[PDB]
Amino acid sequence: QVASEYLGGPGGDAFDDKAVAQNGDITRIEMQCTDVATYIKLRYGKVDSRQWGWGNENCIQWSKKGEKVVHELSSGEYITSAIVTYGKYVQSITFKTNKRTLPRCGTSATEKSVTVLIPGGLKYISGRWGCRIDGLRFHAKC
């Protein structure tokens, strides 16, 4: 389907949730949040994707870790907007749904900002990951 540009840097390893997303619409958002967002993990239908970020606990060598933030989406709720601050890594992620606006993951919002609107709801994410979220791309439903 249609996707956004890649937002982020060249580090890490590529991931793409296209296949796991075929299990269903996003039902849950999980992130690890401190002054930056350190991982993202979505659930597609009943099927969690991988933890994309915070590859192992020794990543504390290079960044704060943060706390786990879970937002369960209700039936018929979908993400219509992503505000992402980023440079060589994703710094922060603020999601809005057709039902409500979620708190930003990442308290610092100092990097360049981009707002991506997804009519009909975000289908899935791809990007690059390691100790952090090197980059994100947003994929619509067709």
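One-based numbering along the sequence shown.
78 to 86 set against 44 to 52, stretch whose average Cα temperature factor tops the other in the entry: That would be 44 to 52.
Report the stretch with the higher mean CA temperature factor, choosing between 97 to 105 and 53 to 61 on the basis of the entry. Between 97 to 105 and 53 to 61, it is 53 to 61.
Please pick out which of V69, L117, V36, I26 has the largest Cα B-factor as recorded in the entry. Spelled out: the listed residue with the top C-alpha B-factor is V69.
Within this chain's modelled residues, let me know which third the CA B factor of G121 belongs to: lowest, middle or highest. Ranked within chain, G121 CA B lands in the lowest tercile.
CA B-factor placement of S113, once the chain's modelled residues are sorted into thirds: It falls in the middle third of the chain.
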